[PDB]
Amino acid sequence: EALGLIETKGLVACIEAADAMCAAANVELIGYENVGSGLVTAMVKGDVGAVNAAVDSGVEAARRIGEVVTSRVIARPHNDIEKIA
């Protein structure tokens, strides 16, 4: 199960990124994470082919609304790398 991540400057661009990821491919929204400085990350789960398509589409949609700081697809993520606590 690949992990898809999109980090934006501001929440509204992140909500748009998460919505566009869910509409583009069969991915599951894990949730959002905020680390301060306006940085918010949307995290998705699914097959590597679906995650790559979802992230590519999510970045394109978020760039029209706000600023995308970074994006990433981790094909084989290690245990608990998505659990930030």
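Residues carry their position along the shown sequence, with the first being 1.
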Sort the modelled residues of this chain by their C-alpha B factor and say whether residue 43 lands in the lowest, middle or highest third. lowest
Relative to the other modelled residues of the same chain, rank the CA B-factor of residue 49 and answer lowest, middle or highest third. highest
Among all modelled residues of this chain, ranked by Cα B factor, put residue 85 in the bottom, middle or top third, i.e. lowest, middle or highest. highest
Looking at the temperature factor on the CA atom of residue 68, which third of the chain's modelled residues does it land in? middle
Once the chain's modelled residues are ordered by C-alpha B factor and cut into thirds, is residue 23 in the lowest, middle or highest one? middle
